[PDB]
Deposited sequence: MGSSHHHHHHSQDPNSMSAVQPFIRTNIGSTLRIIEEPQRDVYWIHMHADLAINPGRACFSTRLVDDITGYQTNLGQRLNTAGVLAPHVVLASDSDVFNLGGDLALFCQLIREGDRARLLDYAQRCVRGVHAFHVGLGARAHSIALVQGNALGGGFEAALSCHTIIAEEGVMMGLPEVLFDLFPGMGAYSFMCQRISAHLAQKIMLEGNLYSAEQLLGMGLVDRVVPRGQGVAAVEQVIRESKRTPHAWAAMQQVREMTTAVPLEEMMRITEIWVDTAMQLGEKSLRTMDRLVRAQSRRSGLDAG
């Protein structure tokens, strides 16, 4: 119930609207996404659908503010590494599924009509195409509480920019506008406010006419530049070990962000 799902079976377009009912990746939201990804992917495979379209969107005035910091604070203070790892691994599965097209060679499109921070920005980067509206801010603020983006930020940015620049962005903790991200190559299209849906429809209509070409390109990605799940899993292992070592200054910073969200 954290998701509002809009399915168009005859056109094979599927809309995932986050935050249907803090606009962050809570355990419930993550389980609902992975659960739907697995469900839709299996239906698409058995029906032999060629190049389906999956859209990740939001019903909130923001896109997604990232990890459940209130949950982080609690698990770190309690020393519960096992549950934090579990959360982190499930977040990885969610974003990796978008990256490999749900195992059904889907075209994943991120529709970002509000701010996307941390895990939220990582979720947008996990999609093949990012559509952003003017005035939208994105960034990776986890360094501000002495952590790093471990939901694939590094893996996904390295597809678009250099490894060195990806490192800078992850460690500076700056926010960037949609126009700035476009110039940096981290966003694919910027449209005026309230025009995002139409822009997504144009992308869908463009790749719907070349479904064989799209599906073949996914196979080529799979055997070349695609980010392996295992690589991301090992990155969250480092992420959890780092989070467990965080001090009271970082925890208070996280608490302040929780209240502002």
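No C-alpha positions are given for the deposited-sequence stretches 1-29, 51-56, 297-305.
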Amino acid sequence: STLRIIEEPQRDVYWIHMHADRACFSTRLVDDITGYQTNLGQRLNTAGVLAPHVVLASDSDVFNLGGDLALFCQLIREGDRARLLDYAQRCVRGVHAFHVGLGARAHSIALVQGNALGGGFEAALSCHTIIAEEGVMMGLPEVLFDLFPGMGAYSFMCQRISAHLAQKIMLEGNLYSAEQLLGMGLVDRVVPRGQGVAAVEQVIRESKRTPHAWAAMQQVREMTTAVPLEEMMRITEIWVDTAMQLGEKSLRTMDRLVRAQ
From here on, numbers count along this sequence of modelled residues.
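The PDB entry reports B-factors from which the mean C-alpha value can be compared for 128-136 and 78-86; the larger average falls on 78-86.
If you average the C-alpha B-factors over 42-50 and over 62-70, the higher value belongs to 42-50. Among all modelled residues in this chain, the alpha-carbon of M223 has a temperature factor (C-alpha) in the highest third. Among the modelled residues of its chain, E122 has a C-alpha B-factor that falls in the lowest third according to the deposited record. The PDB entry assigns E172 a C-alpha temperature factor belonging to the highest third of its chain's modelled residues.
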